[PDB]
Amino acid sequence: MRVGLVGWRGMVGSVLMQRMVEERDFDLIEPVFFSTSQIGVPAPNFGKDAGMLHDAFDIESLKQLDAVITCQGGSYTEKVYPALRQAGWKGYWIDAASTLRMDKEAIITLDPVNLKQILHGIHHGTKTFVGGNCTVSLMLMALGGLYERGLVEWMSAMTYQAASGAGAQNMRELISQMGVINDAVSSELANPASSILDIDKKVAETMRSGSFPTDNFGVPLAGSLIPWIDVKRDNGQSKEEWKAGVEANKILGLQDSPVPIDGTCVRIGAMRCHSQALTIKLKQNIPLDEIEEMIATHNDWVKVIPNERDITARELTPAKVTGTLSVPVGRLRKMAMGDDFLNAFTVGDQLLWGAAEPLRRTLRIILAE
């Protein structure tokens, strides 16, 4: 199988490359590396020589491939994909970008949840497989055990989203903001006789100053939060909030009778883990023991954390989860509203299950068929 790699060099792509090396995916394919910036020089060597960098925009070159895996982004997909299909290419397009997710000829891939849908697609001529939004993938990796059994009536999701979803420059800006805050009060911070109100005043002033580094976010993130991600939609949702409902229901095959999913998506000062606080309305009063079992046994990465303070503080956080494939879920309990209302809190790495991991797993599934 001859597989083209586009966007292998960037943040998401680099995570994907490391995972492909770790799982020895390159043993199974003939990789062809593409560039949007410079061609003809040696391709990267991740264990074996792959020749040269090819032109990511050349239709005839792409037509020679059995599949493309792209992390290059929506601008790239919009430019290349329609022409490539119009020219007769029947290969597999495996894409991280949002561009094609809701296309009638694309399947959103999250195989621990929807392997059966993926396999049906592959066997019946579907050639486009798109990774879902970070928030969607991470929520379903935590709650797949409930959703697969049709037990969810609706879900409200309030999120705590990392800088990495906006990009590497945004992550850098977050850390720079942290430095500028600390710099402003370093002379008084450690002195207990210094007024905490004076420290606080200076932090607030520094954050509000024009020179505070805010080119990417537009406003401060460190020391604060931003309760709006992406463009407004006419019903008053942000695009980020809208994605949850439409993508989750496509993945689950419920488009004609969807589970309502809604809430507020909030950016917070974390590097690359998204967390979500969920009000889950169950159709029936399911005992918490069964809920816990159904969640825990759904897949190999979800981890149900006991509902206790110390273990929660250690396990159910970005500090614990960052850079790992683990998807902890905790604070699982029935709520004051009734025994059909379930509280849950979950954390997951945005670059792994939220970006790169579904792409490499989709490749392995296609290979095995």
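Note that residue numbering follows the sequence shown and begins at 1. Take the two forms, find the largest set of C-alpha atoms that superpose within 1.5 Å, and that set is the rigid core.
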property: Larger mean CA deviation from the shown form in 4 other deposited structures of this protein [core fit; 183-191 vs 94-102]; result: 183-191
property: Segment of greater CA departure in 4 other deposited structures of this protein, 192-200 or 241-249, core superposed; result: 192-200
property: Mean temperature factor over C-alpha atoms, higher-scoring stretch between 17-25 and 345-353; result: 17-25
property: Mean Cα B-factor comparison, 137-145 or 282-290, giving the higher one as deposited; result: 282-290
property: Selection by C-alpha B-factor (highest) of 192, 220, 269, 263; result: 192
property: Highest recorded Cα temperature factor - choice among 277, 225, 174, 244; result: 244
property: Residue 46 - which third its CA temperature factor falls in, relative to the rest of the chain; result: highest
property: Ranked C-alpha temperature factor of residue 162 among modelled chain residues, by third; result: lowest
property: Third of the chain's Cα B-factor distribution that residue 119 belongs to, per the entry; result: highest
property: Relative C-alpha B-factor of residue 64, binned into the chain's lowest, middle or highest third; result: highest
property: Residue 234, C-alpha B-factor rank within chain (lowest, middle or highest third); result: highest
